[PDB]
Amino acid sequence: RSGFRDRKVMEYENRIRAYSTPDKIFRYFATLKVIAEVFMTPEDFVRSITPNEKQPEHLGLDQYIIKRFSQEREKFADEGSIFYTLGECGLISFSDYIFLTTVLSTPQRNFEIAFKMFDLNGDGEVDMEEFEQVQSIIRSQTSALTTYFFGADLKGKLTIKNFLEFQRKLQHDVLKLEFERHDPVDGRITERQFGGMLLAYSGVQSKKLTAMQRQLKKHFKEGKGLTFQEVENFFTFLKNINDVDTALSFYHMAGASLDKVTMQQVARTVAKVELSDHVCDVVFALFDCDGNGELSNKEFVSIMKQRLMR
Amino acid sequence: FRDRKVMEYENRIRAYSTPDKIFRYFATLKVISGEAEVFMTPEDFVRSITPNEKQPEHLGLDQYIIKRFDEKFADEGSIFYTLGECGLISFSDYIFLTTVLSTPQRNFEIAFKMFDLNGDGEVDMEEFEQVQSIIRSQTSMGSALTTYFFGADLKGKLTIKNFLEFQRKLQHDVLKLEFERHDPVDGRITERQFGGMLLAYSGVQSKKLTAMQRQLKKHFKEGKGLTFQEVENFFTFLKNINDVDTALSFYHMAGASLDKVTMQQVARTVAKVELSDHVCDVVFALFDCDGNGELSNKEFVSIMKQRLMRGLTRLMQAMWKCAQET
Amino acid sequence: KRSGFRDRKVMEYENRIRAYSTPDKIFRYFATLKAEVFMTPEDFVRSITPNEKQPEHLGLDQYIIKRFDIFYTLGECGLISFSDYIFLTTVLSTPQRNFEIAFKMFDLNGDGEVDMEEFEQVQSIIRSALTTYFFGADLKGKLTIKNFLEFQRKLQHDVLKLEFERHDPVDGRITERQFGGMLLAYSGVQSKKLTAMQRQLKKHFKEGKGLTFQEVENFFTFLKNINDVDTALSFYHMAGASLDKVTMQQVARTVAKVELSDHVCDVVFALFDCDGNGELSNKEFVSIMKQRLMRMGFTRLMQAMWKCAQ
Amino acid sequence: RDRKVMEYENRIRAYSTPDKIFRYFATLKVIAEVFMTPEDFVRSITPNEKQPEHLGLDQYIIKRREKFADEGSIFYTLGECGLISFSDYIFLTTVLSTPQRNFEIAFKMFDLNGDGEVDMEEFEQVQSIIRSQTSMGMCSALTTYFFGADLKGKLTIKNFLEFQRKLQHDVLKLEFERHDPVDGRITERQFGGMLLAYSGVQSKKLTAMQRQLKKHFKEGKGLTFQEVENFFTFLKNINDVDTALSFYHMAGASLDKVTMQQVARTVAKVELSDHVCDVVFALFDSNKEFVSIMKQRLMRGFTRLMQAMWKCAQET
Amino acid sequence: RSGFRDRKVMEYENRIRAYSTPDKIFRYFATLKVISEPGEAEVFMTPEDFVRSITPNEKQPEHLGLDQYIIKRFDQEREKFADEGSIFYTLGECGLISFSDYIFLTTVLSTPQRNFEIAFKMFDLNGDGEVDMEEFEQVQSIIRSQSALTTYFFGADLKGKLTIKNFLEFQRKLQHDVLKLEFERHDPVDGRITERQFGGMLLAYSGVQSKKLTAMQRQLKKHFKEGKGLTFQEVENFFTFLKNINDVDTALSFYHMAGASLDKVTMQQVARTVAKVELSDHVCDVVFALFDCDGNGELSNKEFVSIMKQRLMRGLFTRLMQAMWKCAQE
Amino acid sequence: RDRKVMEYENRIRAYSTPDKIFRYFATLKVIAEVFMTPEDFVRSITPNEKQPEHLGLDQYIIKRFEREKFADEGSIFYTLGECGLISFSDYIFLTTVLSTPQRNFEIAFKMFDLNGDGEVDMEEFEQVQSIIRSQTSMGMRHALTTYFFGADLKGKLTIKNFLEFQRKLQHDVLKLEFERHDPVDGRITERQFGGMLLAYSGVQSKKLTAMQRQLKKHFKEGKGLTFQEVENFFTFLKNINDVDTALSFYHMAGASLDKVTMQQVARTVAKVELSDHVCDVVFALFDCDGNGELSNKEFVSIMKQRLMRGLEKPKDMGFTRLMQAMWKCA
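Residues numbered from 1 in each chain as written, not as in the entry; some residues may be left out. Chains lettered and ligands numbered in written order. Heavy atoms only, no water. Residues with missing side-chain atoms left out of burial classes, pairs and counts.

Looking at the entry header, you'll see X-ray crystallography listed as the method and 3.2 Å as the resolution.

Listed below in structure tokens is the structure:
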């Protein structure tokens, strides 16, 4: 089969994603050349950070699609998408690319502080140039919209409250696109796809997704599917693994069973979010010990941390 | 060796013996009433959790100082009174007080929410016994003040707020005893004792303590002294080292010199607290590269952490159990 | 509700009495009759079994009441006075070895003759109605290590049946979980390790066929030679062999001179194999058994090493 | 020179590979296979005893029906006229240390009916196992001996334990002889050097004994070999001898020369002659301590627990 | 029900193979007792016997056994005992193996090329390694330490040198000729072997893994690779693949850390690059049914390269403990 | 006093992070970036070498950005880009090239070039390193790319060229280790070469004196070893595996492990000529006791830890040496 080609193709695509210069990555994943400069569609962007999704055949390295340069022009983004704030109509310039990749992987922690740095008294404000600095610094651990951030004149102040909102939102749209790049029939994704998602940033544990489908097959949960809401609530649960971690440990030490009920519980009390009953059966299929239903917390929290961190 | 062989020993006990073996060693009183119980004074309590402090050699392991079931032992106010006795700490009070010293706020909050399913966090009496019990299964180690917490009927509840305050004052009362064991003079502490206090939970680091009294003196900055407030404050700035750490890192990179000012500025923005202009002399004295005012932030955040964390291959603990019982 | 928290605190207390109180304090708490206070065979087995809740109404100094109408050799109709307790306990515990040496201490030129006032002294030593049975009606009779061992030996058989009846068997058979729990008895919260047994059993079709009391006593005498059963299983392993249901049988046959039913094996290997193989965990097994059979340092210095090894 | 020489040797004994130990104490070479003689054997495991300096380190003596052992010393069943090959050294050293219990359980694995019979190749596996946990582990004419000349016979624990029992004995006579018995007796002091052969300070607590056996006119009598042996036999029991002494202790009776010979007859079923006891108290006086020494002497500040660990490990 | 009797018999025989003298072994597995005039006789083993005595778990014909043989009366005109051109012919007799040749072959089938190249170099300081007759006798003694073919090696006059290049080839044949005899010893049908019999060869030298074999057929039954059979050639390649377990153990470790899955594919890959051999899809299909993890096509590499090197050699906190159990010694 | 200092260092070289280690032994700061002089690099891996008491812990010689040259012409270090200065970045790479076996790179490179011996593009090489680092005790905590993959980075690297880089590096570092002993005329001391051998070895630093006394009574004491003498000895060492078996055979063969045989083993097993003097020193401290006999076992052992630069992450006596200390306290 031509499946030994995919294997070598992803290995390659992956190697780029994690060792090549920002530049090269871009010239690989981005599929649009506009007359003349290259841009990557939201889909491309996301596919550049997800490490296993293949690149469209004849597109690829230094091979893009030629597109001839009002409210009647092409639109790749969508209603609300933070990708419009990027000037174009949902297209991401190489420049926008760096910014965005570094606003995706850095913690609120860092920004909150780095901002407070330029507002010794206020809670955190930055002008057009101050911000340019907060990046050079933050980028050391990894005018499209400049006007969007500081009025049209560039004398506007950027607030940590607004930025966090900006990030907390970029993350939403990115997370949705990942749910989208799986073809959801009626808004639902497979119990297998959902796992593919939860394990993306991990080894070839892609084989334990079979250990899952069996577990579900047995208990008659073999095929409902996971809607985005369900997927998303899990991921807002995941932003707290730290608290969820130390919280799942106490339930352990207190001699309770780390089963579906206590996970749903640690979600309400530690992350103030209601988990779907199915998400838990699926987050268990592939995370309990072996059939146990005993959420192997150590192993869980681990994976989730790199998933949560891309 | 006359003192080091002694200390280096006591320091091993604190660090590896059973809570018990530690309590019998450091505790100084044994109150009689045909039955008797061993009580450690607040003084002993602090000495049992702060290394490099010799116990009265005459007292020591199982050697106490008999009293007659009455006479107060702790300062005027100290949370050590809520303990029922008059400043005394029974083996219970001890195991409890120490576990309420090492576990961070975070953990109690999360632990308390494990009961007030629909609210900030309210734990009744039997739910509390169940929170410590759980919390203790992590601490280095692992009737009088229960009324103080749940009324005299025991039917009241505790709040994660009031308990965090209880813990805040326990940490304060301790900080003051650790400050007292240094013989203040008009409320001042040696530039060397405060230094000592910092390197306290480290090792033979006590040689860089003399490399400090030399540098601190070439600059004529040894003699002004340090008040408990000056000190208490530095320690409130310590409670946020994680944010301090990752705050200095940006300043450093962003270019700025990590000098006496930057520290004080970071202490304000990131830790909402003022750092004594002289406290910084002592900190930089023994934490800056060398002559320069440039502080060695990486090493600073290192020590400061283990200082903030008195105690929290832990086979060595299990090989000890088997090195004596064999 | 907290009906369990209050229960687990009840047990914990009862277990601290049983493990710290004077023989006096003990007997009073469990003894359920009243004159002089006695404890039937049910009371006795319970006063030496941890995690067995005493009928609350009764408990401390609260016993039923009745008028004067091998637990029979004691005197009464199966009821055990207090002296008999302080005796039968010291007997049920101290091993053969000790009595032989205490007896061969008064019969230098034999195996161990012991008259009445010599038995008294033997008891006293060890510790730190039926006597008319042991030494004739004139008390000038003598007791042999042979008869005495036969005494203890039978007592041990009757106190062992007592636990087998303390599970209400259906047609002589007792539950797989009932037998397996009977073992773990003297240990920790390992009571949740049985749930993992019922699983290992349910998989290979063998979850309730039944365990004849005979199978239970044929497995206990097997647990008598542990010290050799251990040194033997260890010679097997080292000899490249495999510690499996086959061999465990062999050993029980040769070294203990007894037969182990394949079933009892499966229940044992169920909750003692290396988490699902067949490879008995000899070291771990012999440990629990020795503590089970009993009712110090470098014992944990080992498990600590293996954890860190991972 | 001595205090330094001996130490060196003791070390070899205690830390060198069997090969390097053998080649040291071994003194011969026949034609070329280096053999060691009973003398040499006992001298290898007896600490504080020096080797003929001219010989020693890879230094032997060349030879080419000259007997080297007593009339019926087990060292005859080895094939030679009393010599011990390298193989016979390894075999014997593990038969000396390893306890009966260990040999019985092994033999009993290969014997469902009886108590412990073993064909040739089985004896080889049980010996592979046994030796793979002896301090020494960390062909011979014997096998024609144990299993007929056809190699089809079976060994009994009775018959093996009996062999091992005789070996122990026959080495004791070699130890007790390597002292110089006059008329067949050994100095009060000599039998003391044996009891304390496995401890540091000898001549310290020794001369204190001589002082005490003088104060009580109990010296110069000399100890026979039967006496000395009857003692060590008593020694191969300290485990029960302990739980025995303690019992007499609590029972009220004082632990004296009498209640001891009393324990002897019941725990090891042997008669300790009076003089043997006078000598023991002479330098012991405290059951708790006493046992300890007789422990390290019976066996022969903890880098040994690391070894207990390799063992547990080898058995899990 | 009585497959038990079958095991004690099976064990007894390995114990003879592992802990007996070469003689007692020869006297047990050997099956021919050739007699001649007037009253002198000798015992020989056929190649089928020789191979059986080294391959554990194969039962010896009940009625034959210890000292029990087939009596043959002394005979290019007489009967042969081995395929056309089986080294066993270079031995002199017609495939028969004398007690002496038994001691030989055993010490040669085992030991590594390395050891032989080094021992030869000792006698040809300037050269690659030549050996006359007496020296070769020495090498054998050196290796072993813890009449018709001698001519075949050193000319008809014993005045001949033997080269490593050559001798090693002899070794190479011996090894190969034995492998065929082991394969053949599983009654092939149309030169192909059962799936179970292949596992048989692979687990041959391991303990009592004989129940995993059953676990295997099941694994195989699900994915319909139930009974296609294995050619000898398919086998011999997996076996020369094994002659590299080292470069393969470290190769699989890297593929592991490098992210990649240890599937039926990467093994093929590993064999290609590392051992310059091509593994057959079916061979891998059997290997995984015997070594996949829970049964998810994930090679348990660790325990695999472990069981295989034992098979490669025909060997008849564990180490993390072994280390310090001596480290405290140094 | 001087002891308490050294201990610290080793203890840092042993447990500290690849950064704490770097900021300690590196001696420059260019304006701003920290660097280490080849002298520093070597100094950081060789245990017991003292760091200029005025530098160390975060201290450096501030330097200002045919300029200041820091290494004997030709040195590989120059390929690092700068004038011979090793940057932390390149510090790790270099320590992970020195410690690991040639075998590994060979295998590792095969994964990315099925056809040939092995090639590796710029990013594929990033993977090899990454993986290979998981091994080393350095990277188990923690410029030239252009030299490697052309200027455009679109080039390829060979195993050959690379192994050539590794080869040339192991050398230049051995030269620097040599020079950092204060050679006169180009000769180290009988005692300093012995030092070199037992460098990454235990605290056996009280046997050099037993060695100087031995060389003494034999008029060995006082001639010195050249660098070539030492080099060939280390090249000899690049095969202690075959030399271990080679010595072991000569032994059983019956030959004595003397200065003459260890000279013949150097030739046939490594195609290198050992000099009498290097032999005299090796034997001076590695002979059994008195006879010229080599204690080959103990010899190979030590030489191995030395051949490993002590950079081979072995948790063997790890938790042991430490937990042993506990003992010597209770």
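From this point, things continue past the structure.
A few points about the domain arrangement of chain C
Residues and elements named next belong to chain C. According to the domain assignment, chain C consists of domain 1 (1-167) and domain 2 (168-298). Look at where the C-alpha atoms of domain 1 and domain 2 centre, and you get two points 27 Å apart. Across the contact, 16 residues belong to domain 1 and 19 residues belong to domain 2. Of the roughly 1500 Å² buried where domain 1 meets domain 2, counting both sides, 61% is carbon and sulfur surface. The three residues of domain 1 that bury the most area against domain 2 are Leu160, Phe164 and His167, which together make up 49% of that side's buried surface. Residue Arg292 pairs with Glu163 through a salt bridge whose shortest N-O separation is 3.5 Å. There are 6 residue pairs in polar contact connecting domain 1 and domain 2. (Domains from an automatic or database assignment. Contact = heavy atoms within 4.5 Å. Buried area = accessible area lost by both parts, 1.4 Å probe. Salt bridge = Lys/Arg side-chain N within 4 Å of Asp/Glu carboxyl O. Polar contact = N/O pair within 3.5 Å; in protein donor to acceptor, adjacent residues only side chain to side chain.)

Re the packing of helix α11 (residues 232-242) of chain E against helix α15 (residues 301-313) of chain E
Residue and element names in this part refer to chain E. As a packed pair, α11 and α15 sit with axes 10 Å apart at the nearest point and diverge in direction by 105 degrees. By the angle between their directions, the pair α11 and α15 is classed as roughly perpendicular. Residues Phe238, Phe239 and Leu242 of α11 lie in contact with α15, whose contacting residues are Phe304, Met308, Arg311 and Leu312. In the contact of α11 with α15, the residues fall into 6 nonpolar, no polar and 1 charged. (Axes fitted to C-alpha atoms, helices over the stretch in contact; angles between N-to-C directions. Helix = DSSP H or I, 4+ residues; strand = E, 2+ residues; numbered from the N terminus. Parallel < 35°, antiparallel > 145°, perpendicular 65-115°, else oblique. Nonpolar A, V, L, I, M, F, W, Y, C, P; charged D, E, K, R; others polar.)

Observations concerning a positive patch on the surface
A grouping of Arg192, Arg214 and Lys217 of chain A together with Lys222 of chain E is seen on the molecular surface, where their side chains present a positively charged patch. Within the secondary structure, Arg192 of chain A is located in helix α9 (residues 191-199). Residue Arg192 of chain A is classed as partly exposed on the basis of its relative accessible area of 36%. (Patch = residues over 30% accessible without salt bridge, like charges linked within 9 Å, V, L, I, M, F, W, Y side chains within 5 Å. Areas by Shrake-Rupley, 256 points an atom, 1.4 Å probe, with all protein chains shown as cover. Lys, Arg positive; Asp, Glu negative; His and termini not counted. Charge placed at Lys NZ, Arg CZ, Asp CG, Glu CD. Buried < 20%, exposed > 50% of the residue type's maximum accessible area, 1.4 Å probe, protein only.)

Description of empty space enclosed by the protein
Taken as a whole, the largest cavity holds about 70 Å³ of empty space. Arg23 and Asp58 of chain D together with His251, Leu257, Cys288, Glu293, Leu294, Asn296 and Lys297 of chain F are the residues that line the largest cavity. Among the residues forming the lining of the largest cavity, the class breakdown is 3 nonpolar, 2 polar and 4 charged. (1 Å grid on protein atoms, 1.4 Å probe; cavity = no way out; pocket = protein on both sides within 12 Å on 5 of 7 lines; lining within 4 Å. Points joined across faces, edges and corners; volume = space filled by probe spheres on them.)

Regarding the pattern of salt bridges
A full pass over the atoms with the stated rule returns 114 salt bridges over all chains. Put simply, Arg27 of chain A and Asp62 of chain A hold a salt bridge, and the shortest N to O gap is 2.6 Å. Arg27 of chain A gets classed as partly exposed once you look at its relative accessible area, which sits at 24%. In this structure, the salt-bridge partner of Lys24 of chain E is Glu121 of chain D, at a minimum N-O distance of 3.4 Å. Within this pair, whereas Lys24 of chain E is found in helix α2 (residues 22-29), its partner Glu121 of chain D is found in helix α6 (residues 120-131), the two belonging to separate chains. Here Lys24 of chain E and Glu121 of chain D have matching classes, each one buried. Salt bridges here are not isolated pairs; linked through shared partners, they connect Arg5, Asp6, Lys54 and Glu57 of chain A.

Examining the interface of chain D and chain C
Every contact between the two is made by 30 residues of chain D and, on the other side, 32 residues of chain C. A total of 6 residues in the side of chain D that touches chain C trace back to one element, the largest contributor, which is helix α12 (residues 238-250) of chain D.

Side note on the sheet that holds strand β1 (residues 28-30) of chain F
Hydrogen bonding along the main chain pairs the strands of a sheet, whether they run parallel or antiparallel. Residues and elements named next belong to chain F. Spatial ordering of the open sheet is given by β2-β1-β3, a layout of 3 strands whose pairing is mixed. Looking along the sheet, the strands with just one partner apiece sit at the ends: β2 (33-35) and β3 (61-63). Shown here is a sheet whose adjacent strand axes are inclined to one another by a mean of 30 degrees, direction ignored. Both β1 and β2 contribute to a ladder of 3 bridges, which runs antiparallel. Bridge pairing links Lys29 to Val34 in β2. (Pairing = 2+ DSSP bridges.)

Observations concerning the UniProt feature "binding site: Ca(2+) 2" in chain C
All names here are of chain C. Cross-referencing UniProt, the feature "binding site: Ca(2+) 2" maps to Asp273, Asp275, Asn277, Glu279 and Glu284 in the present numbering. A residue is classified by how much of its surface remains accessible, and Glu279, at 32% relative accessible area, is partly exposed. Setting aside its immediate chain neighbours within four residues, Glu279 contacts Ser242, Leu243, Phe272, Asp273 and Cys274. Mapped onto the fold, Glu284 is located in helix α15 (residues 282-294). (UniProt positions renumbered as here; feature names shortened; annotations may be inferred.)

Considering unusual backbone geometry
Here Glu37 of chain E and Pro38 of chain E are connected by a cis peptide whose omega angle stands at 0 degrees. Among the structural elements, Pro38 of chain E can be located in the loop between β1 (32-36) and β2 (40-45). If you check the backbone angles, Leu154 of chain A has positive phi at about 80 degrees while not being a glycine. Structurally, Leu154 of chain A can be placed in the loop between α7 (146-149) and β6 (158-159). Phi at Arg300 of chain D takes a positive value of approximately 105 degrees, unusual for a residue other than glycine.

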